[PDB]
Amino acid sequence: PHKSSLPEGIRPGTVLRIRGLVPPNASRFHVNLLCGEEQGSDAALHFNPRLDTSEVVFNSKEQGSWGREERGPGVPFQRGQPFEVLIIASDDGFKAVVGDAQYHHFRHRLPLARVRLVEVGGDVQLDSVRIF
């Protein structure tokens, strides 16, 4: 479960670039933007490609409980295929771009200034996470 702090935190204009590869037998994976390093922290953003149920869920987790989930249109991920995801924080939400195409917009539920680290986990071969 990859983890990495966001030194200056994240703000409108912060881009997260995740490059990786979906393992040949992957079932699903996720990227979480957490507000604390404590286990079970509020997730300002939970991005979850599910190669098995063929859907991509976006969601929040606050004070311990999940929230209203949103689903993207289709799964822009292929097993055994490499990918590149851009997560862009704008003044009003996170834009999820998957290889040259805007995929989904997620409106902020917790305040951007509460996000402190990225966590990438699940069935994924993570090559690199870069914050711009």
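For every residue, the number given is its place in the sequence shown, counted from 1.
- Look at the mean CA B-factor for 59 to 67 and for 93 to 101 in the entry; the higher one is 59 to 67.
- Comparing 82 to 90 with 69 to 77, the higher mean C-alpha B-factor in the PDB entry belongs to 69 to 77.
- Ranked by C-alpha B-factor against the other modelled residues of its chain, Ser128 falls in the middle third.
- In this PDB entry, the Cα temperature factor of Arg17 sits in the bottom third of its chain's modelled residues, the lowest group.
- In this PDB entry, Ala43 carries a Cα temperature factor that places it within the middle third of its chain's modelled residues.
- The entry lists a Cα temperature factor for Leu33 that places it in the lowest third of the chain's modelled residues.
- Ranked within its chain, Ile10 lands in the highest third, by CA B factor from the PDB record.
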